[PDB]
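In: 3D, please:
(chains A and B, ligands or ions: 2)
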Amino acid sequence: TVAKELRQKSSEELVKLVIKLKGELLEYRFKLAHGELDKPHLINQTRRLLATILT
RNA sequence: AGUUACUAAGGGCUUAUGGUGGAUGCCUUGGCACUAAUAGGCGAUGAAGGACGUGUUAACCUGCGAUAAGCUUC
Ligand SMILES: [Mg+2]
Ligand SMILES: [Mg+2]
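Out: Numbering: from 1, shown residues only, chains lettered A, B, ... in the order given. Ligands and ions are numbered 1, 2, ... in the order given. The structure is reproduced below:
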(Lines give C-alpha, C1' and ligand atoms only; values in the text may rest on other atoms or scores of the structure.)
(Ligands and ions follow the chains in the order given, each with its own letter.)
Protein backbone atom coordinates (compact mmCIF):
# COMPACT_ATOMS: atom_id res chain seq x y z
CA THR A 1 0.00 0.00 0.00
CA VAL A 2 2.47 2.63 1.18
CA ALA A 3 5.22 1.07 -0.93
CA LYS A 4 3.09 1.73 -4.01
CA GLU A 5 2.72 5.45 -3.16
CA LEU A 6 6.48 5.85 -2.63
CA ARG A 7 7.12 3.99 -5.89
CA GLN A 8 5.01 6.65 -7.63
CA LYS A 9 7.33 9.29 -6.15
CA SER A 10 10.52 10.26 -7.97
CA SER A 11 14.02 9.79 -6.55
CA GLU A 12 14.86 13.39 -5.60
CA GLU A 13 11.57 13.81 -3.73
CA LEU A 14 12.31 10.53 -1.93
CA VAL A 15 15.66 11.82 -0.64
CA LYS A 16 13.92 14.99 0.54
CA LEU A 17 11.49 12.74 2.43
CA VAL A 18 14.30 10.74 4.06
CA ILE A 19 16.19 13.80 5.34
CA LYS A 20 13.00 15.37 6.68
CA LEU A 21 12.02 12.18 8.52
CA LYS A 22 15.53 11.87 9.95
CA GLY A 23 15.18 15.37 11.39
CA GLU A 24 11.73 14.63 12.79
CA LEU A 25 13.02 11.40 14.34
CA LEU A 26 15.78 13.33 16.13
CA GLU A 27 13.22 15.82 17.44
CA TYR A 28 10.95 13.03 18.69
CA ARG A 29 13.80 11.32 20.55
CA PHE A 30 14.90 14.61 22.15
CA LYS A 31 11.34 15.43 23.25
CA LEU A 32 11.01 11.93 24.72
CA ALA A 33 14.27 12.50 26.61
CA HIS A 34 12.70 15.70 27.98
CA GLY A 35 9.41 13.99 28.84
CA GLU A 36 7.42 16.04 26.32
CA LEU A 37 6.24 13.37 23.85
CA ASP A 38 2.50 12.87 24.19
CA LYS A 39 2.42 10.48 21.20
CA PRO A 40 5.16 7.87 21.78
CA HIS A 41 4.24 5.75 18.74
CA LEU A 42 5.31 8.29 16.11
CA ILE A 43 8.90 7.23 16.79
CA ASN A 44 8.12 3.72 15.57
CA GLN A 45 6.00 4.98 12.66
CA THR A 46 8.79 7.34 11.62
CA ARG A 47 11.33 4.51 11.76
CA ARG A 48 9.16 2.14 9.72
CA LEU A 49 8.48 4.77 7.06
CA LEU A 50 12.19 5.57 7.06
CA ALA A 51 13.02 1.88 6.60
CA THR A 52 10.44 1.54 3.82
CA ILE A 53 11.78 4.59 1.96
CA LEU A 54 15.27 3.10 2.26
CA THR A 55 14.02 -0.16 0.74
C1' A B 1 7.16 -49.63 119.52
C1' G B 2 5.13 -52.17 114.13
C1' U B 3 3.05 -52.19 108.99
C1' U B 4 1.96 -47.74 106.43
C1' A B 5 0.29 -43.44 100.86
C1' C B 6 0.27 -39.21 98.90
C1' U B 7 6.59 -36.19 96.28
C1' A B 8 8.16 -36.15 90.61
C1' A B 9 13.19 -31.59 90.35
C1' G B 10 13.25 -34.97 86.07
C1' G B 11 12.72 -39.64 83.40
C1' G B 12 10.37 -44.30 81.10
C1' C B 13 5.98 -46.91 78.27
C1' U B 14 1.20 -46.63 75.40
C1' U B 15 -1.95 -43.41 72.59
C1' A B 16 -3.33 -38.62 70.32
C1' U B 17 -1.75 -33.87 68.34
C1' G B 18 1.61 -29.92 66.49
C1' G B 19 6.28 -28.60 64.15
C1' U B 20 11.09 -29.40 61.01
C1' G B 21 11.72 -33.17 56.20
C1' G B 22 10.62 -34.46 51.43
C1' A B 23 10.45 -40.51 51.18
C1' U B 24 6.08 -43.08 48.64
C1' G B 25 1.99 -42.43 45.01
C1' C B 26 -0.10 -39.64 40.40
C1' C B 27 1.63 -36.25 36.38
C1' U B 28 5.00 -33.74 32.89
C1' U B 29 6.33 -27.90 26.82
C1' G B 30 11.77 -32.73 29.24
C1' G B 31 15.36 -37.04 27.91
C1' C B 32 16.76 -42.12 25.56
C1' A B 33 16.66 -45.85 21.64
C1' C B 34 14.97 -46.51 16.92
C1' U B 35 11.59 -46.93 12.18
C1' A B 36 9.99 -44.79 7.31
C1' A B 37 11.50 -40.75 4.01
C1' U B 38 14.47 -35.96 3.07
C1' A B 39 19.27 -34.35 3.18
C1' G B 40 24.44 -34.90 3.88
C1' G B 41 27.30 -28.97 4.35
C1' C B 42 28.59 -23.41 5.35
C1' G B 43 32.79 -19.62 3.66
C1' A B 44 36.78 -13.92 0.57
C1' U B 45 29.44 -12.09 -2.63
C1' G B 46 33.01 -12.72 4.48
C1' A B 47 31.58 -18.62 7.25
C1' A B 48 30.91 -21.49 12.33
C1' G B 49 31.20 -18.97 17.10
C1' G B 50 31.13 -14.46 19.87
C1' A B 51 31.19 -8.82 21.39
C1' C B 52 28.17 -4.58 21.05
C1' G B 53 23.71 -2.26 20.03
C1' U B 54 18.20 -1.94 18.90
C1' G B 55 11.64 -1.04 22.85
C1' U B 56 6.60 3.72 23.90
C1' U B 57 9.08 -1.99 27.52
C1' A B 58 13.55 -2.21 34.84
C1' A B 59 16.57 -6.45 34.15
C1' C B 60 17.00 -11.14 31.96
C1' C B 61 15.67 -14.40 27.72
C1' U B 62 14.26 -14.48 22.51
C1' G B 63 14.09 -11.83 17.64
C1' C B 64 16.81 -8.45 14.79
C1' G B 65 21.26 -5.41 12.86
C1' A B 66 22.30 1.91 12.29
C1' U B 67 16.34 -0.07 7.21
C1' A B 68 18.18 -3.04 14.11
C1' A B 69 11.32 -6.46 18.40
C1' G B 70 11.75 -5.30 11.83
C1' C B 71 11.71 -3.51 5.28
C1' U B 72 9.68 -5.18 -0.01
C1' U B 73 7.15 -8.64 -3.18
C1' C B 74 4.22 -13.10 -4.49
MG1 LIG C 1 7.78 -30.29 85.31
MG1 LIG D 1 6.73 -38.36 80.11
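
In: check which helix or strand residue A:21 maps to.
Out: Using DSSP states H and E, residue A:21 maps to helix A:11-33.

In: run the chain-centre distance for the next helix or strand after that helix.
Out: Using DSSP H and E, the helix or strand that follows helix A:11-33 in sequence is helix A:42-54. Averaging C-alpha positions (C-alpha atoms, centre = their mean, to the nearest Å) puts helix A:42-54 5 Å from its chain's average.

In: how about helix A:42-54, does it reach RNA strand B?
Out: Yes - Helix A:42-54 is in contact with RNA strand B by C-beta under 7 Å from any atom of the strand, via A:43-44, A:47-48, A:50-52, A:54. From N, CA and C alone the C-beta is placed, and that goes for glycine too.

In: go on, stretch A:7-24?
Out: No - using C-beta under 7 Å from any atom of the strand, stretch A:7-24 never reaches RNA strand B; the gap is at least 7.7 Å.

In: let's have the residues of helix A:42-54 next to RNA strand B in TSV, adding neighbour count.
Out: Shown next, in TSV, are the residues of helix A:42-54 next to RNA strand B (neighbours: other C-beta atoms under 10 Å):
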residue	neighbour count
A:43	16
A:44	10
A:47	13
A:48	11
A:50	16
A:51	9
A:52	12
A:54	8
